[PDB]
Amino acid sequence: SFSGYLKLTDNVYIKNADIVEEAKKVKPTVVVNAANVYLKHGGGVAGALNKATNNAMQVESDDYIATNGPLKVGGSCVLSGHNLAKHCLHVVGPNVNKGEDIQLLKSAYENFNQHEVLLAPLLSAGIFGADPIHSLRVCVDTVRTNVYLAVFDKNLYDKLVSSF
Ligand SMILES: C[C@@H](Nc1ncnc2[nH]ccc12)[C@@H]1CCOC1
């Protein structure tokens, strides 16, 4: 049901799109959230996905943290996808603006290998402060399952494709 994606490799595809609008159209099995360790969905992809769930994602996430404590940087958890997907895979990439080790980006992408197909953003890019060209290269060299990347910024999408 994914449409309009450019094929980059055997298993990685990319499109200039808002991941929230893509999830509402496709209703995939798994949508990836660019989470932080506390699952506090304030801005970027996380704030946008949470708003589309009418804050149900944040209520579920607060119950998960009250029970389990915070995630690790590089880690993940599977929660409901609410009205957007069957499941949401909350993945924590390193936030370079907070001094987190960029080597953890490969560990973050390894979480995608537990799922046959995913709709996802570029981890650690945008407000997380890492170089998006590096994030796409780590994605391609780490993920083996089928990943559909939605990149919101038009200008960054064009740069990612033309430098691939
Ligand atoms: C990390 C990434 N943020 C998003 N990529 C996809 N869907 C999104 N929806 C809300 C944010 C968002 C970068 C910021 C703009 O494009 C690249």
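Residues numbered from 1 in each chain as written, not as in the entry; some residues may be left out. Heavy atoms only, no water.

As documented in the archive entry, the model was determined using X-ray crystallography at 1.163 Å resolution.

Colleague: Can you break down the pattern of salt bridges residue by residue, with the values?
Modeller: On inspection of all chains with the given rule, the structure shows three salt bridges. A salt bridge links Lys 15 to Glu 22, with the shortest nitrogen-to-oxygen separation between them at 3.0 Å. Both residues of the pair, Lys 15 and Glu 22, belong to the buried class. The residue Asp 62 makes a salt bridge to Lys 40 at a minimum N-O spacing of 2.8 Å. Of the two residues, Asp 62 sits in helix 3 (residues 56-68) while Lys 40 sits in the loop between strand 3 (30-34) and helix 2 (44-52), which places them 22 residues apart along the sequence. Assessed through its relative accessible area of 32%, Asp 62 is described here as partly exposed. (Salt bridge = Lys/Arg side-chain N within 4 Å of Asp/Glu carboxyl O. Buried < 20%, exposed > 50% of the residue type's maximum accessible area, 1.4 Å probe, protein only. Helix = DSSP H or I, 4+ residues; strand = E, 2+ residues; numbered from the N terminus.)

Colleague: An account of helix 5 (residues 132-142) is needed here, citing residue identities and associated values.
Modeller: Those residues of helix 5 that fall on the buried side of the exposure criterion are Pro 132, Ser 135, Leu 136, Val 138, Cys 139, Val 140 and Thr 142. Its buried side turned inward, helix 5 meets strand 2 (12-16), helix 4 (104-110), strand 7 (146-151) and helix 6 (154-163). The N-capping residue of helix 5, defined by a side-chain oxygen 3.0 Å from the backbone nitrogen of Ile 133, is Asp 131. (Contact = heavy atoms within 4.5 Å. Polar contact = N/O pair within 3.5 Å; in protein donor to acceptor, adjacent residues only side chain to side chain.)

Colleague: Outline the packing of aromatic side chains, listing residues and values.
Modeller: The final tally for this structure, using the stated rule, is five aromatic pairs. For the ring pair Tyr 5 and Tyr 148, a centre distance of 5.1 Å and an interplane angle of 90 degrees mean the geometry is edge-to-face. Of this pair, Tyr 5 sits in the segment before strand 1 (6-7) while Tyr 148 sits in strand 7, and the two are 143 residues apart along the sequence. Neither residue differs from the other here; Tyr 5 and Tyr 148 are each classed as buried. Aromatic ring contacts, followed pair by pair, group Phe 2, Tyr 5, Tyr 13 and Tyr 148 into a single cluster. (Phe/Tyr/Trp six-rings, centres within 6.5 Å; stacked < 30°, edge-to-face > 60°.)

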